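Engineer: any chance you could fold what I've pasted below:
(5 chains, ligands or ions: 6)
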Amino acid sequence: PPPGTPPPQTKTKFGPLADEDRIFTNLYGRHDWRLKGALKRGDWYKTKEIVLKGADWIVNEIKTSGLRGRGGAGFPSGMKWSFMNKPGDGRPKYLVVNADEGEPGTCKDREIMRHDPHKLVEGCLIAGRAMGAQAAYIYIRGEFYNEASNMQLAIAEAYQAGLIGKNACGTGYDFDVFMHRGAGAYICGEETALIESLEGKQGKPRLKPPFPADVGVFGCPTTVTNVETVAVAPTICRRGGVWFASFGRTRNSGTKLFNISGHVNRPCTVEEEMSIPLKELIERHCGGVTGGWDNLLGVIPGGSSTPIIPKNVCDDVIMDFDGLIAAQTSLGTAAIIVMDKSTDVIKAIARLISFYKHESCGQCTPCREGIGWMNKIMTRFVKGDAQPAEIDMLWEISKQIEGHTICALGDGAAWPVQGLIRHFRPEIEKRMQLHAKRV
Amino acid sequence: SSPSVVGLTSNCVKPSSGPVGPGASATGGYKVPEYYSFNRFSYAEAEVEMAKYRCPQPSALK
Amino acid sequence: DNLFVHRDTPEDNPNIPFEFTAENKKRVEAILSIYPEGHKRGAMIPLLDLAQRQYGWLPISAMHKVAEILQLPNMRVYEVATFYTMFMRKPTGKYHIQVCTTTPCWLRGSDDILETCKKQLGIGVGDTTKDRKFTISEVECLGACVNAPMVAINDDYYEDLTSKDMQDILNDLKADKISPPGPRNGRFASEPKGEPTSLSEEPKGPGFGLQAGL
Amino acid sequence: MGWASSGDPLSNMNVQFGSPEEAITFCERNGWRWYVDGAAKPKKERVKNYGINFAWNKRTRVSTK
Amino acid sequence: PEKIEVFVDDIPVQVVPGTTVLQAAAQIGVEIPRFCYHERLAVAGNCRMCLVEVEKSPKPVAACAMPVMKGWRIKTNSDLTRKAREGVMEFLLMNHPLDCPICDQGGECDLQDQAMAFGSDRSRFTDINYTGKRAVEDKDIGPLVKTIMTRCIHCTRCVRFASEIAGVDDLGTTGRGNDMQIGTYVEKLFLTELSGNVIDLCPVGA
Ligand SMILES: Cc1cc2nc3c(=O)[nH]c(=O)nc-3n(C[C@H](O)[C@H](O)[C@H](O)COP(=O)(O)O)c2cc1C
Ligand code: SF4
Ligand code: SF4
Ligand code: SF4
Ligand code: FES
Ligand code: FES
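Structural biologist: Numbers count the residues shown, from 1 in each chain, chains lettered A, B, ... in the order given. Ligands and ions are numbered 1, 2, ... in the order given. Next comes the structure:
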């Protein structure tokens, strides 16, 4: 088979993980995180050799790893990093590591900084060689002032030890990492908007084309890559792209973190193989729904920006980038927000819309107002005062918004209301019915 | 240690209280008291350290 | 109540003198240099952060000061300083209680905690006491959805909360005594309650699972 | 009554043609005096690129978005 | 530089490579509705009114800022385009106020003209009876330019013109979301020899 084309897997039961296979071992912080424990846990191992291998090496094992970017969009990284690897220009190539955790329902990103900052730094270094990056910037939310310092501290130990900097790890190649704590705003998790943030402009995103691979920060070739996408990379280059294909079923290859929260007995974050049944996971590492599996009204698998799925359709769901797509939902950040059978889903979703209304730069005609419209309609629905035809407005308005906006945020605002109408429309009808009868 | 810790200023308080925040300490298992020991100005103080190491920046204007 | 138009108030106005104290002046010099020579405009957000951190909120004179540093029109700084949410352009106060009132924090009851906060501080949302010791505020999500419900105070993360503890926390901050941030229900960091179900094994060590070749 | 009186008949008169040569042909056939007024040369292509908004060296970097 | 062949509306067309879709459509003769695009200003995608469908388009593209590529097929007047345009104008006309009779650009307003040509004719906005529309304080900007920003559509023609053509740089945008406004954060006078031209640029009567 060609250099890419990750080997297909031939396993049916994608059950639990083996803690040897858990790359993020220090997650939950049971062990030291400073460079003492890190090199005790094998955090900078043969980096000199791997970096020396070159970009053709690194990109290739990434390809055969078949890794799909965990940034929420889901496009694979091997092609992304390959685009960076195109010479023929005198530019200062850069690498941006988006550490934004703006996505409601998502908390995985925070803990990587808080418990394995060294792992990320090592990963940025190996990737930065593959991207020919002159340097890199670890953009981070302004809501994590303590993490950002924590990363700054890890950068201190690395610079002082000589792991990263000029002649990093004795390879001679130079690479410096900087920390930019963007004043929190959810939109900054976008590639282009982040780049605008670093540049100091307004913060609103940009049209595509050109892509960051064409022109990015400072009008220079760059890529925004998610924290997890980077953090896994050095382990892949250190453990084997074949092994990483050992997990996963198909194009949805590898393993991912999960953040289970909501009406849940013992919500937490779990490292666990992708391509798993959701019910099995909820009963393994989670303890199960507070009211038991039966007392379940719906789960949002990708966290916010993702349509909800009801219990019946949820009972047999394969958790992965694929599979869920067939079930009419996007895995997003694998942020599972679960609600018991007894709660106002409608005003749960209305809260999401208010979040979008408050979190939308306001550059595009649909998104600067259309979410504002959806907010007005949903508020009226929640209070029960609306003609049933407004079911169709929300359906048909949502189609008008989706696809015409610049950054994917509009789609994140469009989908949840589409899911709500598709699967819990009878609830809205009853809510409207009760209001009318009292009226 | 040759890989020293960050400057003493960047460290809000020298860890002496052991259990901090939710029960972190160098002893106990949740071994990250350093996270809860960050000052109002810890961030900026970090870069003050980092004037030493960072390499020349690219320049567009010649 | 948030206004994207500024008027010369006695408390907020360019006449007020703002300047970076010598400590911050060093930091400003150090921080500027992480941006390539051509594009120094990218450091602006960190600079505004520092000014707010020194002062406690952003006065218009401070925005002028950053503009003077970077040699750009005062409007561009206004554009950014108005865009980003926590750049409080009004007198904030000592402590700035922030409550994430979105799902799943709302699901876990985070309306309760907000209701109590208003009760005990005596003021409503988007408000500040005459003391300015406290400022209630709502935020969408603080990246601690897992430890829901949760509150943050100007650096802090108080999670796994409830009405009872918030009462205690406010009484503590009313007394002005240090409070231990982080969850206060038994867990520490995004780890399932009680006994552990994963990562119960010692980390393998360097070289484990190496390719064994190349 | 302070209206705008006008004792001049061909004041509003206005006719359309497809091309100036047609009009000159018409105008002669009706025995008028005329003088054409050259409209404009073909528009010269303007590059109007999007990337120039974001450049590393060129002055054309946009100040804002 | 050989010119590409692209079938704008089932008509072969010649474009020097890098030409934008809109700039090619005018070349042949078709015109796309625009609000944020002007010949003599930097390109931006704001209005989303210039959208258009290309055969095998996952995503309708903004003609104003879309460089043409080999062997494309731009379906200007195809129903998907018509669906897009109407939705965008329903959006623009949500909370534009009811001020045509007192708006000095009445009968000269691109929003009216493009509403006629390319927009719908029924108001799905039912919330006028419940919570109404939005409003914005007007700004004092000078003795020449009267400003009524509650009509603005945030096309940023004023923003881009001032920054580039006159270089005044003192007029800009502020805030997120539907509450984004335009003006100067603090009361000033937009004093500039070329300041008049903004009145011609503003497509609406703000
Ligand atoms: C509105 C919006 C918010 C986003 N927020 C995040 C975020 O918080 N964290 C993240 O990693 N990616 C976020 N993204 C996606 C990133 O822009 C980008 O797709 C990600 O870095 C992809 O990296 P990857 O594909 O290599 O994993 C967001 C996109 C949009 C449109
Ligand atoms: S889609 Fe919304 S958030 Fe994204 S750029 Fe457009 S207006 Fe801003
Ligand atoms: S700008 Fe156009 S649509 Fe708006 S009030 Fe004036 S004439 Fe009417
Ligand atoms: S004021 Fe006029 S020119 Fe400026 S953005 Fe609004 S509509 Fe466009
Ligand atoms: S909504 Fe509370 S941390 Fe996310
Ligand atoms: S003319 Fe293209 S988005 Fe406005």
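Engineer: list the contacts of the residue of chain D found nearest ligand 6.
Structural biologist: Scanning chain D for the residue nearest ligand 6 gives residue D:50, at 10.8 Å (criterion: Cβ to the nearest ligand atom). The way it works is simple: take the backbone N, C-alpha and C, and place the C-beta from them, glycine included. Residue D:50 is in contact with A:207, A:209-210, E:20, E:43, E:65, E:67, counting by Cβ atoms under 8 Å, 6 or more residues apart in numbering or on different chains.
Engineer: mind checking how far the residue in chain B that chain D sits nearest to is from residue A:88?
Structural biologist: When distances are taken as Cβ to the nearest Cβ, chain B reaches nearest to chain D at residue B:60, 5.0 Å away. Separation of residue B:60 from residue A:88 (Cβ to Cβ, to the nearest Å): 19 Å.
Engineer: so those two - more neighbours on which side?
Structural biologist: Neighbour count, other Cβ atoms under 10 Å in any protein chain shown: between residue B:60 and residue A:88, residue B:60 has more, with 17 against 5.
Engineer: residues contacting the most centrally placed residue in chain C?
Structural biologist: Geometric centre of chain C, nearest residue: residue C:154, 4.6 Å, by Cα atoms, centre = their mean. Residues counted as contacts of residue C:154 (Cβ under 8 Å, 6+ apart) are C:95-96.
Engineer: same question, residue A:300
Structural biologist: A:105, A:306-309, A:329, A:335-338, A:416.
Engineer: just give the closest residue to it, not the sequence neighbours.
Structural biologist: Spatially, and ignoring its direct neighbours in sequence, residue A:300 is nearest to residue A:337 (4.5 Å; Cβ to Cβ, 6 or more residues apart in numbering or on different chains).
Engineer: tell me what the host helix or strand of that neighbour is packed against?
Structural biologist: Using DSSP states H and E, residue A:337 maps to strand A:335-339. Secondary-structure packing of strand A:335-339 (3 or more Cβ pairs under 8 Å, 6 or more residues apart in numbering or on different chains; DSSP states H and E): strand A:255-262, helix A:278-284, strand A:298-300.
Engineer: which strands and helices sit next to the longest one?
Structural biologist: The elements that strand A:255-262 packs onto, with contact taken as 3+ Cβ pairs under 8 Å, 6+ apart, are helix A:108-115, strand A:268-273, helix A:278-284, strand A:335-339.
Engineer: ok and the residue in chain C nearest ligand 2?
Structural biologist: residue C:83 (11.2 Å).
Engineer: hmm, I typed the wrong one, I wanted chain B.
Structural biologist: residue B:60 (26.6 Å).
Engineer: I'd say that residue and residue C:39 touch.
Structural biologist: Yes. Counting by Cβ atoms under 8 Å, residue B:60 does reach residue C:39; the two are 6.9 Å apart.
Engineer: give the residues shared as contacts by the two.
Structural biologist: Common neighbours of residue B:60 and residue C:39 (Cβ under 8 Å, 6+ apart) are residue A:218.
Engineer: hey, what's residue A:259 bridged with?
Structural biologist: In this entry, residue A:259 is beta-bridged to residue A:269, residue A:335, by DSSP bridges.
Engineer: residue C:51 should be in a helix, yeah?
Structural biologist: Yes. Applying DSSP: H, G, I helix; E, B strand; the rest coil, one finds residue C:51 inside a helix.
Engineer: helix/strand/coil for the residue nearest to it when sequence neighbours are not counted?
Structural biologist: Nearest residue to residue C:51, sequence neighbours excluded (Cβ to Cβ, 6+ apart): residue C:62, at 4.4 Å. With three-state DSSP as the basis, residue C:62 sits in helix.
Engineer: can you check residue A:119 too?
Structural biologist: Going by three-state DSSP: residue A:119 is helix.
Engineer: number of residues surrounding it?
Structural biologist: 27.
Engineer: flag every residue of the stretch 101-250 of chain A that's near ligand 1.
Structural biologist: Contact residues, the stretch 101-250 of chain A versus ligand 1 (Cβ under 6 Å from any ligand atom): A:101-103, A:187, A:189-191, A:224-226, A:229.
Engineer: let's have these in CSV, adding neighbour count, distance to chain D and secondary structure.
Structural biologist: Output for these, formatted as CSV (neighbours: other Cβ atoms under 10 Å in any protein chain shown; distance: Cβ to the nearest Cβ, whole Å; DSSP: H, G, I helix; E, B strand; the rest coil):
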residue, neighbour count, distance to chain D, secondary structure
A:101, 31, 24, coil
A:102, 22, 20, coil
A:103, 26, 23, coil
A:187, 24, 12, helix
A:189, 26, 17, helix
A:190, 27, 13, coil
A:191, 23, 13, helix
A:224, 25, 15, strand
A:225, 27, 20, strand
A:226, 21, 23, strand
A:229, 24, 24, helix
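Engineer: done for today, thanks.
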